[PDB]
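Engineer: For reference, the structure I am asking about is given below.
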Amino acid sequence: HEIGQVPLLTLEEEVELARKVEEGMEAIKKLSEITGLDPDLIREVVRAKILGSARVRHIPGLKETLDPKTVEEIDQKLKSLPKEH
Amino acid sequence: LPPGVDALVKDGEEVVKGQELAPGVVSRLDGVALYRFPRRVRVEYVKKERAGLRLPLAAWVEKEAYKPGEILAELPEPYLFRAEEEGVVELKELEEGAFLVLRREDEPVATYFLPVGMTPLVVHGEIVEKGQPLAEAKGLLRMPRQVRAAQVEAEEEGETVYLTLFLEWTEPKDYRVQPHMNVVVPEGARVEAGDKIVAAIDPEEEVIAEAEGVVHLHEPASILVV
DNA sequence: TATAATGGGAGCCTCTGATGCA
DNA sequence: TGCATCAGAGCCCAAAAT
């Protein structure tokens with residue numbers, strides 16, 4: 001029943017999501033370059049803010065414990081970037 | 001939205017519950033309507049050109065500019081507007097009204113403007129000589145609905161006026177967007193030459209803006225009311 | 001690592017106590 | 001407040017079981 005609550009994608013809708021996903025990964029690569037920050041660490045901060053406050057936890061590979069204090073610091077560092085970045 | 005059916009509301013427009021989005025589609029909630037996948041992008045390109053006309057002095061109303069639809073002249077009797085240069089005719093017809101462009105070699109020697117009420121007597125690519133009638137003008141002639149006159153100069157020679165009109169209008173060109181393409185440009189956007197409108201997998205099939213213009217979205221795949 | 005693929009499957013007593021309706 | 005309906009609780013011992 002829960003499965004049945006998400007409508008299936010149109011070819012257009014499917015390509016849009018797939019396209020945005022690929023582009024998002026390319027964006028994470030760029031932010032690594034600009035900031036000199038771990039791409040994986042960047043991905044978890046981005047992912048943390050999208051999923052919401054509900055899920056926040058340490059990831060086995062990350063060197064820093066991932067908690068609202070650290071994700072705020074890094075999110076605030078990303079928002080401290082120039083417009084084109 | 002049923003195939004081929006164009007939407008009533010435009011992308012970005014605030015919408016009340018019950019409002020009709022498309023001929024067969026009615027919205028269930030209040031909020032902002034959003035276009036999902038526009039199939040056809042219509043770009044109105046901006047053109048500003050200087051074109052001439054000659055009229056009987058008694059038939060024309062003096063103004064410094066003409067808004068679309070405004071009455072340009074009223075002719076007591078039918079008048080034959082004649083070529084003032086020899087050349088081959090490039091006839092470019094607007095929604096209503098026409099432009100006529102004489103060229104020798106490839107260099108344009110004259111650009112004439114035929115308002116509404118003026119029927120071309122020539123066809124595209126016709127050779128004309130000085131003094132032969134290009135267009136018949138009968139009764140009241142007025143500006144077409146889609147074209148303006150920003151500046152109007154008038155010279156008087158004998159019993160006629162020669163108007164040098166600085167005319168501004170938009171010429172539409174439609175582009176078809178395929179399912180694997182995404183529109184990278186917003187509704188009502190201003191694009192210059194080289195600007196990308198629609199993007200695609202490979203460099204060809206991309207839509208690059210040909211010249212200065214504004215962008216309009218039509219035939220969306222669906223409308224998302226949020 | 002790439003045609004497209006998009007919602008499952010089996011089924012057969014008595015007393016006591018809490019719970020959901022006149 | 002008084003009454004059905006249902007879920008969950010029970011239902012001998014030892015021997016043996018090839």
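Chain labels follow the order of the structure tokens: the first chain is A, the next B, and so on; residue numbering restarts at 1 in every chain, and ligands are counted from 1 in their shown order.
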What residues in chain A have any atom no more than 8 Å from chain C when counting only C-alpha atoms (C1' of nucleotides), and can you write them as a ChimeraX atom specification?

Structural biologist: /A:1,3-4,8

Engineer: Kindly provide the residues of chain A that approach chain B to within 10 Å, each paired with its closest atom pair and their distance in Å to one decimal, based on only C-alpha atoms, listed by chain and increasing number, as a Markdown table.

Structural biologist:
| residue | atom | partner | partner_atom | distance |
| --- | --- | --- | --- | --- |
| A:10 | CA | B:179 | CA | 9.4 |
| A:11 | CA | B:179 | CA | 6.9 |
| A:12 | CA | B:179 | CA | 5.2 |
| A:13 | CA | B:37 | CA | 8.6 |
| A:14 | CA | B:180 | CA | 9.6 |
| A:15 | CA | B:180 | CA | 6.5 |
| A:16 | CA | B:182 | CA | 7.7 |
| A:19 | CA | B:182 | CA | 9.2 |

Engineer: Quick one: residues within 10 Å of range 17-25 of chain B, only C-alpha atoms (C1' of nucleotides) counted, chain neighbours fewer than 4 positions away excluded, as an mmCIF file with N, CA, C and O atoms, in the first residue's frame?

Structural biologist:
data_model
loop_
_atom_site.group_PDB
_atom_site.id
_atom_site.type_symbol
_atom_site.label_atom_id
_atom_site.label_comp_id
_atom_site.auth_asym_id
_atom_site.auth_seq_id
_atom_site.Cartn_x
_atom_site.Cartn_y
_atom_site.Cartn_z
ATOM 1 N N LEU B 1 -2.131 17.009 -19.083
ATOM 2 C CA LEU B 1 -2.797 17.767 -20.137
ATOM 3 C C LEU B 1 -2.901 16.924 -21.395
ATOM 4 O O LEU B 1 -1.875 16.481 -21.934
ATOM 5 N N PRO B 2 -4.114 16.743 -21.913
ATOM 6 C CA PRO B 2 -4.321 15.942 -23.135
ATOM 7 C C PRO B 2 -3.429 16.394 -24.275
ATOM 8 O O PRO B 2 -3.189 17.594 -24.452
ATOM 9 N N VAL B 5 -3.301 19.802 -26.490
ATOM 10 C CA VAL B 5 -4.092 20.813 -25.809
ATOM 11 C C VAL B 5 -3.145 21.779 -25.109
ATOM 12 O O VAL B 5 -2.179 21.363 -24.456
ATOM 13 N N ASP B 6 -3.371 23.070 -25.313
ATOM 14 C CA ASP B 6 -2.538 24.109 -24.732
ATOM 15 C C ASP B 6 -3.215 24.628 -23.463
ATOM 16 O O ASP B 6 -4.446 24.655 -23.362
ATOM 17 N N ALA B 7 -2.400 24.991 -22.476
ATOM 18 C CA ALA B 7 -2.919 25.402 -21.177
ATOM 19 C C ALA B 7 -3.516 26.803 -21.197
ATOM 20 O O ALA B 7 -3.081 27.677 -21.950
ATOM 21 N N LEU B 8 -4.552 26.999 -20.372
ATOM 22 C CA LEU B 8 -5.143 28.323 -20.200
ATOM 23 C C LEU B 8 -4.287 29.216 -19.305
ATOM 24 O O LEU B 8 -4.003 30.366 -19.652
ATOM 25 N N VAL B 9 -3.932 28.735 -18.118
ATOM 26 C CA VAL B 9 -3.084 29.521 -17.233
ATOM 27 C C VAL B 9 -1.627 29.420 -17.671
ATOM 28 O O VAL B 9 -1.218 28.486 -18.371
ATOM 29 N N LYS B 10 -0.837 30.409 -17.256
ATOM 30 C CA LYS B 10 0.578 30.467 -17.594
ATOM 31 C C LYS B 10 1.441 30.089 -16.394
ATOM 32 O O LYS B 10 1.032 30.235 -15.236
ATOM 33 N N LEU B 29 -7.195 22.707 -6.008
ATOM 34 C CA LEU B 29 -6.701 23.394 -4.819
ATOM 35 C C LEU B 29 -6.178 24.776 -5.173
ATOM 36 O O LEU B 29 -5.846 25.057 -6.326
ATOM 37 N N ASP B 30 -6.127 25.649 -4.166
ATOM 38 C CA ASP B 30 -5.526 26.965 -4.354
ATOM 39 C C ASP B 30 -4.004 26.860 -4.257
ATOM 40 O O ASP B 30 -3.470 26.041 -3.502
ATOM 41 N N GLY B 31 -3.309 27.717 -5.009
ATOM 42 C CA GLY B 31 -1.859 27.775 -4.981
ATOM 43 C C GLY B 31 -1.268 28.200 -6.320
ATOM 44 O O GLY B 31 -1.980 28.565 -7.251
ATOM 45 N N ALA B 33 0.451 27.594 -9.831
ATOM 46 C CA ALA B 33 0.555 26.620 -10.907
ATOM 47 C C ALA B 33 1.949 26.641 -11.519
ATOM 48 O O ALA B 33 2.532 27.707 -11.727
ATOM 49 N N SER B 222 2.358 18.461 -18.125
ATOM 50 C CA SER B 222 1.337 18.507 -17.091
ATOM 51 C C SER B 222 1.547 19.803 -16.332
ATOM 52 O O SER B 222 2.585 20.461 -16.459
ATOM 53 N N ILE B 223 0.538 20.188 -15.572
ATOM 54 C CA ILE B 223 0.617 21.365 -14.723
ATOM 55 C C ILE B 223 0.563 20.917 -13.273
ATOM 56 O O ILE B 223 -0.351 20.185 -12.873
ATOM 57 N N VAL B 225 0.026 22.050 -9.685
ATOM 58 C CA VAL B 225 -0.520 23.092 -8.825
ATOM 59 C C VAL B 225 -0.036 22.848 -7.403
ATOM 60 O O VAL B 225 -0.409 21.852 -6.771
#

Engineer: I'd like to know which residues of range 19-210 of chain B are strand (DSSP E) (by DSSP, run on the backbone); could you write them as an NGL selection string?

Structural biologist: :B and (20-22 or 25-26 or 31-35 or 38-56 or 71-74 or 79-82 or 87-93 or 98-104 or 107-114 or 116-120 or 127-128 or 133-142 or 147-157 or 160-176 or 182-183 or 190-191 or 196-199 or 207-208)

Engineer: Mind giving me the straight-line distance from CA of residue 44 in chain A to CA of residue 184 in chain B in Å, one decimal?

Structural biologist: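 If I compute the distance from CA of residue 44 in chain A to CA of residue 184 in chain B, I get 27.7 Å.
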
Engineer: Can you tell me how far CA of residue 124 in chain B sits from CA of residue 101 in chain B, in Å to one decimal?

Structural biologist: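 Separation between CA of residue 124 in chain B and CA of residue 101 in chain B: 9.6 Å.
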
Engineer: Write out as a PDB file with C-alpha atoms, in the first residue's frame which residues come within 6 Å of range 64-77 of chain A when counting only C-alpha atoms (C1' of nucleotides), dropping same-chain ones fewer than 4 positions away.

Structural biologist:
ATOM      1  CA  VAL A  45      25.968  17.515   4.717  1.00  0.00           C
ATOM      2  CA  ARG A  57      24.054  10.270  12.385  1.00  0.00           C
ATOM      3  CA  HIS A  58      27.747   9.372  12.170  1.00  0.00           C
TER       4      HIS A  58
END

Engineer: Which one of B:133, B:144, B:220, B:78 sits closest to residue 35 in chain B if you count only C-alpha atoms?

Structural biologist: B:220

Engineer: What's around range 31-39 of chain A at 9 Å? Count only C-alpha atoms (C1' of nucleotides), leave out sequence neighbours fewer than 3 positions away in its own chain, and write the answer as a short mmCIF file (atom, residue, chain, number, x, y, z; two decimals) with C-alpha atoms, in the first residue's frame.

Structural biologist:
data_model
loop_
_atom_site.label_atom_id
_atom_site.label_comp_id
_atom_site.auth_asym_id
_atom_site.auth_seq_id
_atom_site.Cartn_x
_atom_site.Cartn_y
_atom_site.Cartn_z
CA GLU A 26 28.97 16.81 -10.67
CA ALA A 27 28.16 19.74 -8.35
CA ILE A 28 29.50 17.86 -5.33
CA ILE A 42 30.11 17.33 1.48
CA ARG A 43 27.61 14.74 0.22
CA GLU A 44 26.53 13.85 3.78
CA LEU A 62 33.77 10.10 7.85
CA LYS A 77 30.94 27.46 5.27
CA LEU A 78 29.17 26.55 2.03
CA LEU A 81 30.71 31.06 -0.79
CA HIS A 85 30.36 29.14 -6.39
#

Engineer: In Å to one decimal, how far is CA of residue 136 in chain B from CA of residue 87 in chain B?

Structural biologist: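 Separation between CA of residue 87 in chain B and CA of residue 136 in chain B: 18.9 Å.
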